[PDB]
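Every residue, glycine among them, receives a Cβ derived from its backbone with ideal geometry; neighbour counts consider all protein chains shown. Basis: the model, the stated rules and, where named, an outside source; no laboratory instrument gave them.
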Amino acid sequence: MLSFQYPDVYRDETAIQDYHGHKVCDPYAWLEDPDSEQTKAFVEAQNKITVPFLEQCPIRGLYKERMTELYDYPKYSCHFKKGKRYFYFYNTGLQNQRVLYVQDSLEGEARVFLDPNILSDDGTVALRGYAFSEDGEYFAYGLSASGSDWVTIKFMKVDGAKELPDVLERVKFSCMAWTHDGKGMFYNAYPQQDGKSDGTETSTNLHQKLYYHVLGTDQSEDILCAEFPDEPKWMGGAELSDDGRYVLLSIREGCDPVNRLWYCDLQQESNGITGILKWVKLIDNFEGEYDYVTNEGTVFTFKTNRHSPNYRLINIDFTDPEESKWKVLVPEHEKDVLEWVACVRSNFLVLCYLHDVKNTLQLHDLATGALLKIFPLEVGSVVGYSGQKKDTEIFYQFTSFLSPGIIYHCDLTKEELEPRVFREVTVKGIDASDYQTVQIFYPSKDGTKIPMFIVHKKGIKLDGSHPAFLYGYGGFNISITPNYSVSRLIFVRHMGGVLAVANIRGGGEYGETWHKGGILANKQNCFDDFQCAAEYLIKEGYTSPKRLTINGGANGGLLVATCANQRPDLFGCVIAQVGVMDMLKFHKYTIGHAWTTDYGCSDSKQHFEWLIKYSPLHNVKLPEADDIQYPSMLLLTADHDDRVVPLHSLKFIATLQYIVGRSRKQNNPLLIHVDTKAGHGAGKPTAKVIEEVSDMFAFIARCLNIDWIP
Amino acid sequence: XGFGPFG
């Protein structure tokens, strides 16, 4: 029979709530309290059955060993210049956290500048955001403990890497920007709250404020520069214009790519920064995004999606601000998304486009917007870039499914520009030439063509005999572009698998129209798109239902969990990482209120009607057909995940085990693993990353009985 | 500072 027994989990049958006339029972609502002895006992009981299941078969050890070996390669970030020095991140291979290095010259010897590894035994203290003073002589950096979004900002004098006394607490979702006079720095902080603020609490985050910290003073002396007491969800991030004249405030409410844009000419302040600034409300609504690129006097260049879903560049003159007067510097492309733009060497613009989910990099003239040079790239993604207005060179990093990456360098003072390979590392053991990456477009239920990348060993027969790993996200205007993953390549090489990534709606692959096609009333399009990706892989012979594994994280966790409820017959295995499972209550915790722009909010009758149909927690149901059971499922979360509070996964697994786990026909396991000293994922130490992928693939291996291929 | 359920 089964190899283990599911834990006893109390059902509060009195937990009933009325949603617009619809009665909803939430028997596991008590799991919403992370501090109770009841919840702690539940987590321990679940981990007690999951760990032995994952470690029983020797395949986990074989995988972990191969991952440790293959992932052990030098990892560099591209160089960036600040003041008179160069900086770059580098991990010898298996250090828990990458280290920040500094060199006084491009050819000079480098030395350790900031090593987060020495801040904890297990590498659970990580760098989260940083900002150098304009002259590059001072450095502010954020540290997060145990994977929490909470940040503590510390300071250092660059020359001699001297630690300073300045410490800023209660920082979260904060920008960091120094005024060019070198006096201090703008940052965001939240008011004091009852209970903990370490990542284990579920408390909603409201009333974020903008402060200014004068270097050499106590945080209690900080100046409040902006606040929105009547709009608790507004978040204002500050940045200084390239010439240091203006503070630009980008105010956001929710997750859509839109923002208010206010500015303050610092020279117009009566006596420096002493209180709420004299904000000029240039764009005082949430109808479009205005991303600062650079300015020349009062003429500001912004990347925008205002009446341009694929994005474009516009110049707004603060002295003649009306929309009818704006100049369109670089018009919107009919299909290619303008992902980001930077200004370098005074009058050059670096534009990065996404063409059929692949990146292109171009250099344009700032005055006219004319194309000047195309920087050639293979099929993949640009994941790093450096080069600000005063710089005379650029560095950019390229990655793809089969290559770790290449860091390029280009001296922009040269007449005939030509980038050169600055750094390149290959992984011995993974001969990229034994594999191939293809891109196909499959029709979804409504006929819309969806892109999908498929990576596999060359020459395989499309006889449906291969295990497959299909990944998706689908939301928040996030484009899922090619990236290097040793863990996935081990699945291909050592488990004979096929990798697939479906660029479903909700994402940003085809601009804001793509995004809107997967949100609110149309969120079901994401699930349909993904299910259709699975059907394609099956019909085309890459895999079969019992050999197919789907995976996603956060909004992607919601994706795969919903797909399991809707089409349990289509998948053999489902791994949902830190997923949003309770779609009726997500807005109640931490930063969840910001996601209503993609999902809607249950308080609304209309939204509730969309949400109730797909919410994973509210759609667990035994398959009607006797020959159909739920696929094997593994939920992965961590106790400091304050982005997507773990109660989502706790309640979902309790429900899966009770409604489906108790059925005689259910033989596939439904498990959860809650990690400690970890959170949503950012900053997770290498050691934990390796344990995680080892758990994932051991689960797939055991559930589908896959033999290891040495 | 990316406050979405990104993963």
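Which ones in the range A:588-619 are surrounded by fewer than 20 Cβ atoms within 10 Å (Cβ to Cβ) and in a loop (DSSP other than H, G, I, E, B)?
Those that are surrounded by fewer than 20 Cβ atoms within 10 Å (Cβ to Cβ) and in a loop (DSSP other than H, G, I, E, B): A:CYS601, A:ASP603, A:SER604, A:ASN619.
What are the pairs, 6+ residues apart or on separate chains, where a residue within the range A:419-437 that is over 20 Å from A:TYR542 (Cα atoms) has its Cβ under 7 Å from a residue that is part of a loop (DSSP other than H, G, I, E, B)?
From the range A:419-437, the pairs are A:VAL425/A:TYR73; A:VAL425/A:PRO74; A:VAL425/A:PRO404; A:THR426/A:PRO404; A:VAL427/A:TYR73; A:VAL427/A:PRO404.
Identify, please: which residue in the range A:179-189 is touching a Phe, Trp or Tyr at 6+ places or on another chain (Cβ under 8 Å) and within 19 Å of A:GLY272 (Cα to Cα) and is, among those, surrounded by the fewest Cβ atoms within 10 Å (Cβ to Cβ)?
Selected residue: A:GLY182.
Would you confirm whether any residue within the range A:167-179 is among the hydroxyl-bearing types (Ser, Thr, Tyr) and within 14 Å of another protein chain (Cβ to nearest Cβ)?
Checking the range A:167-179: at least one residue is among the hydroxyl-bearing types (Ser, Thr, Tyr) and within 14 Å of another protein chain (Cβ to nearest Cβ).
Is at least one residue of the range A:499-507 surrounded by fewer than 24 Cβ atoms within 10 Å (Cβ to Cβ) and either in the same structural domain as A:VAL644 (by CATH) or touching a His at 6+ places or on another chain (Cβ under 8 Å) (or both)?
At the first step, the residues of the range A:499-507 found to be surrounded by fewer than 24 Cβ atoms within 10 Å (Cβ to Cβ) are A:499.
Then keep just the ones that are either in the same structural domain as A:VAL644 (by CATH) or touching a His at 6+ places or on another chain (Cβ under 8 Å) (or both); that gives A:499.
Yes, because at least one residue in the range A:499-507 is surrounded by fewer than 24 Cβ atoms within 10 Å (Cβ to Cβ) and either in the same structural domain as A:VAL644 (by CATH) or touching a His at 6+ places or on another chain (Cβ under 8 Å) (or both).
With the structure loaded, tell me whether A:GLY517 is within 20 Å of A:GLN439 (Cβ to Cβ) and more than 14 Å from chain B (Cβ to nearest Cβ) or whether it fails that test.
Yes.
Can you give me the number of residues within the range A:468-507 that are within 15 Å of A:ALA554 (Cβ to Cβ), in contact with an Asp or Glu (Cβ under 6 Å, 6 or more places away or on another chain) and among the polar types (S, T, N, Q)?
Total meeting the criteria: 0.
Restricting to the range A:195-234, name every residue that is within 21 Å of A:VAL247 (Cβ to Cβ) and under 28 Å from the mean Cα position of the chain (by Cα).
First, pick out the residues of the range A:195-234 that are within 21 Å of A:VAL247 (Cβ to Cβ): A:207-217, A:219, A:221-229, A:231, A:234.
Hits for the range A:195-234 are A:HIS207, A:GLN208, A:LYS209, A:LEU210, A:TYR211, A:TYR212, A:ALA226, A:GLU227, A:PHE228, A:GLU231, A:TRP234.
Which is closer than 30 Å to A:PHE89 by Cα and without any contact (Cβ under 8 Å) to a residue 60 or more places away in the chain, of A:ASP626, A:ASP675?
Among A:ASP626, A:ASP675, only A:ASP675 is closer than 30 Å to A:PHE89 by Cα and without any contact (Cβ under 8 Å) to a residue 60 or more places away in the chain.
Provide a single number: the residues in the range A:460-487 that are touching a helix residue (DSSP H, G or I) at 6+ places or on another chain (Cβ under 9 Å), away from every other protein chain (no Cβ under 14 Å) and not polar (S, T, N, Q).
Count: 7.
Within the range A:190-205, which residues are in contact (Cβ under 8 Å) with a residue 24 or more places away in the chain and either within 14 Å of chain B (Cβ to nearest Cβ) or surrounded by 14 or more Cβ atoms within 10 Å (Cβ to Cβ) (or both)?
A:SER197, A:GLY199, A:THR200, A:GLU201, A:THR202, A:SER203, A:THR204, A:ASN205
If I filter the range A:579-591 down to residues being over 14 Å from A:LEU558 (Cα atoms) and within 11 Å of chain B (Cβ to nearest Cβ), which single residue comes out as farthest from the chain's Cα centre (by Cα)?
So in the range A:579-591, the residues over 14 Å from A:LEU558 (Cα atoms) come out as A:587-591.
Pick out the ones that are also within 11 Å of chain B (Cβ to nearest Cβ) and you get A:590-591.
Working: A:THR590: 17, A:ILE591: 14 Å.
Among those residues, the one meeting the criterion is A:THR590.
Identify the residue in the range A:632-649 that is within 14 Å of chain B (Cβ to nearest Cβ) and under 16 Å from A:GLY661 (Cα atoms) and, among all such residues, is surrounded by the fewest Cβ atoms within 10 Å (Cβ to Cβ).
The qualifying residue surrounded by the fewest Cβ atoms within 10 Å (Cβ to Cβ) is A:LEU635.
In the range A:520-546, which residues are crowded, with 24+ Cβ neighbours inside 10 Å and either among the charged types (D, E, K, R) or within 14 Å of chain B (Cβ to nearest Cβ) (or both)?
Listed by number, the residues that qualify are A:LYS523, A:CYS526, A:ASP529.
Checking A:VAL214 against (1) away from every other protein chain (no Cβ under 14 Å); (2) closer than 20 Å to A:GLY679 by Cβ, which test does it fail?
Status for A:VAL214: all satisfied but (2).
Run A:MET176 past the list (1) at negative phi; (2) surrounded by fewer than 14 Cβ atoms within 10 Å (Cβ to Cβ) and report the number of the one that doesn't hold.
Condition (2) is where A:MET176 drops out.
Does A:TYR442 fit the bill of being away from chain B (no Cβ under 14 Å), within 30 Å of A:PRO257 (Cα to Cα), buried (at least 18 other Cβ atoms within 10 Å of the Cβ) and within 21 Å of the chain's Cα centre (by Cα)?
no
Given the conditions (1) touching a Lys or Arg at 6+ places or on another chain (Cβ under 8 Å); (2) outside any loop (DSSP other than H, G, I, E, B); (3) within 12 Å of chain B (Cβ to nearest Cβ), and given that A:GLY556 satisfies all but one, which numbered condition is not satisfied?
A:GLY556 satisfies every listed condition except (1).
Do we have A:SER604 as without any contact (Cβ under 8 Å) to a residue 12 or more places away in the chain and among the hydroxyl-bearing types (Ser, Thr, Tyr) here?
Criteria met by A:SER604.
Among the residues of the range A:267-317, write down those that are surrounded by fewer than 21 Cβ atoms within 10 Å (Cβ to Cβ), touching a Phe, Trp or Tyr at 6+ places or on another chain (Cβ under 7 Å) and farther than 16 Å from A:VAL330 by Cα.
A:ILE273, A:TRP279, A:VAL280, A:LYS281, A:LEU282, A:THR298
Restricting to the range A:669-710, what's the tally of residues that are in a loop (DSSP other than H, G, I, E, B) and closer than 21 Å to A:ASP121 by Cβ?
Final tally of qualifying residues: 9.
Using beta carbons and a limit of 6 Å, which pairs, at least six apart or on different chains, have the first residue in the range A:279-299 and in contact (Cβ under 8 Å) with a residue 24 or more places away in the chain and the second one among the acidic types (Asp, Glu) and not in a strand (DSSP E or B)?
Listed pairs, sorted by first residue: A:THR294/A:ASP242.
If only one of A:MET156, A:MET185 is more than 22 Å from A:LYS233 (Cα to Cα), over 23 Å from the mean Cα position of the chain (by Cα) and within 14 Å of another protein chain (Cβ to nearest Cβ), which one is it? Outline the logic, then answer.
Details: A:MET156 fails: within 14 Å of another protein chain (Cβ to nearest Cβ).
That would be A:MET185, the only listed residue that is more than 22 Å from A:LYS233 (Cα to Cα), over 23 Å from the mean Cα position of the chain (by Cα) and within 14 Å of another protein chain (Cβ to nearest Cβ).
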